[PDB]
Engineer: 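One structure is given below, represented as structure tokens, and several questions about it will come after.
Quick note: residue numbers are just sequence positions, from 1. Values below: all heavy atoms of this structure, side chains included; hydrogens, waters and symmetry mates excluded. Each ligand, and each atom within it, is numbered from 1 in the order the structure gives.
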Amino acid sequence: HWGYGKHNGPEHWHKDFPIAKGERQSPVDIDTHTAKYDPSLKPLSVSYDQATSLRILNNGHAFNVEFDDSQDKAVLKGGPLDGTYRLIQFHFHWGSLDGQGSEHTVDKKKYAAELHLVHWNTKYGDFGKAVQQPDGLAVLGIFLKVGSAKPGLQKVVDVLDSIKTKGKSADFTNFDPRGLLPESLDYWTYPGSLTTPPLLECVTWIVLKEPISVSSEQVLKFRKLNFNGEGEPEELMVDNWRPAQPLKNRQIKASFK
Ligand SMILES: COc1cc2c(cc1OS(N)(=O)=O)CC[C@@H]1[C@@H]2CC[C@]2(C)[C@@H](OS(N)(=O)=O)CC[C@@H]12
Ligand SMILES: COc1cc2c(cc1OS(N)(=O)=O)CC[C@@H]1[C@@H]2CC[C@]2(C)[C@@H](OS(N)(=O)=O)CC[C@@H]12
Ligand SMILES: [Cl-]
Ligand SMILES: [Zn+2]
């Protein structure tokens, strides 16, 4: 029942998830001038060619596209990562207005939305064991701004009508996540946490500098989703983002310049 309302939102989370006030919480504001280029970073490798999407689900907080991670298919490697991280699902965070919606911010700038591609470290066997490790997860974050439509996102947009309410799912096979990436893989990276309860601090965040553009019509359809379940009073699924948290002396590294 945690959520993003005044009575169950981010300001209430710490009561049931004390780690909310931890030393490595996400998201964070990325101060571009303080971020330092890191020559030790290896080339980032996004290998999504064999990705196998399975289903899309409205979980009452956002919608999630799940993938078959039983085998080494869609993986993320390189960059700040040691080993291989398998893609398990992706989801978005968005606002009720174009001027807000992203979780991470850049020089305090809020984007209209933010895409999160969640991966787990294969050395830990499964996602559950991975979230018990300081380097168990890697989330690739991509900012969304409103402008031209993103063709590779339309398939997702058109299926949202079938998963309007919490608990609803639908078959979503053969979706290629590569169509959601921008041209450049320039990124910022830092150690953080899940941005929703349980807020576990097991994530290596990789946030791309170049945002992707989506049309106003596409994001408007994100905003037609419901936080509520079928047969309940409608509460539009908007502003499902957690604000920036204290950096706490962590350092944000840049893969460029
Ligand atoms: C409790 O620990 C786990 C959670 C999840 C998985 C494996 C887990 O480890 S376990 N039980 O030891 O195998 C495998 C599937 C995962 C799910 C957690 C919730 C996920 C990430 C879903 O995202 S959601 N619906 O937004 O919460 C999509 C796939 C789900
Ligand atoms: C510990 O395993 C879980 C993780 C998550 C959920 C349920 C889980 O199982 S359990 N035992 O019921 O707590 C439900 C919400 C999920 C979260 C894992 C991180 C997710 C996928 C978040 O991803 S993010 N924003 O990149 O951190 C969005 C929803 C989050
Ligand atoms: Cl509300
Ligand atoms: Zn997220």
Engineer: Are any of the protein's heavy atoms under 4.0 angstrom from atom 19 (C) of ligand 1, yes or no?
Structural biologist: no
Engineer: Between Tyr4 and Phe227, how do the two ring planes meet: parallel, tilted or perpendicular, split at 30° and 60°?
Structural biologist: parallel
Engineer: To make sure I understand the geometry: which N, O or S atom in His116 is closest to the Zn ion (ligand 4)?
Structural biologist: ND1
Engineer: Of the choices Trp120, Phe127, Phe67, which has the non-hydrogen atom that lies closest to atom 6 (C) of ligand 1?
Structural biologist: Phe127
Engineer: How close does the nearest protein non-hydrogen atom get to atom 10 (S) of ligand 1, and which residue and atom is it?
Structural biologist: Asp126 OD1, 3.8 Å
Engineer: Going by heavy-atom distance to atom 30 (C) of ligand 1, choose the closest among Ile88, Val118, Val65.
Structural biologist: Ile88
Engineer: Answer yes or no for atom 4 (C) of ligand 1: protein heavy atom present at a distance under 4.0 Å?
Structural biologist: yes
Engineer: Quick check: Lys129 and ligand 1, any N/O pair under 3.5 Å apart?
Structural biologist: no
Engineer: Should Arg223 and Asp98 count as an ion pair when the cut-off is N to O under 4.0 Å?
Structural biologist: yes
Engineer: Looking at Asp68, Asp72, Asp69, which one forms a side-chain hydrogen bond (donor to acceptor under 3.5 Å, both in side chains) with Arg86?
Structural biologist: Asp72
Engineer: Which residue from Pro198, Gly128, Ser169 reaches closest to atom 9 (O) of ligand 1 through any of its heavy atoms?
Structural biologist: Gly128
Engineer: Consider ligand 1: state whether an atom of it lies below 4.0 angstrom from any non-hydrogen atom of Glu66.
Structural biologist: yes
Engineer: Here's a test for you: under side chain to side chain contact (heavy atoms under 4.5 Å, CB included), which of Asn121, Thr189, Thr204, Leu41 qualifies with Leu81?
Structural biologist: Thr204
Engineer: Considering heavy atoms of the protein only, find what lies nearest to atom 23 (O) of ligand 1 and give residue, atom and distance to 0.1 Å.
Structural biologist: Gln89 NE2, 3.0 Å
Engineer: Among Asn59, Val131, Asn58, which residue places a heavy atom closest to atom 25 (N) of ligand 1?
Structural biologist: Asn59
Engineer: Side chains of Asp38 and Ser40: is there a donor and an acceptor less than 3.5 Å apart?
Structural biologist: yes
Engineer: Can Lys155 and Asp176 be counted as an ion pair, charged N to O under 4.0 angstrom?
Structural biologist: no
Engineer: So if I apply the ring-ring contact (aromatic ring centres under 6.0 Å, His included) rule between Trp94 and each of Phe63, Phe143, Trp241, which one comes out positive?
Structural biologist: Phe63
Engineer: side-chain hydrogen bond (donor to acceptor under 3.5 Å, both in side chains) with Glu230: which of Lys166, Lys168, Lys164?
Structural biologist: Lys168
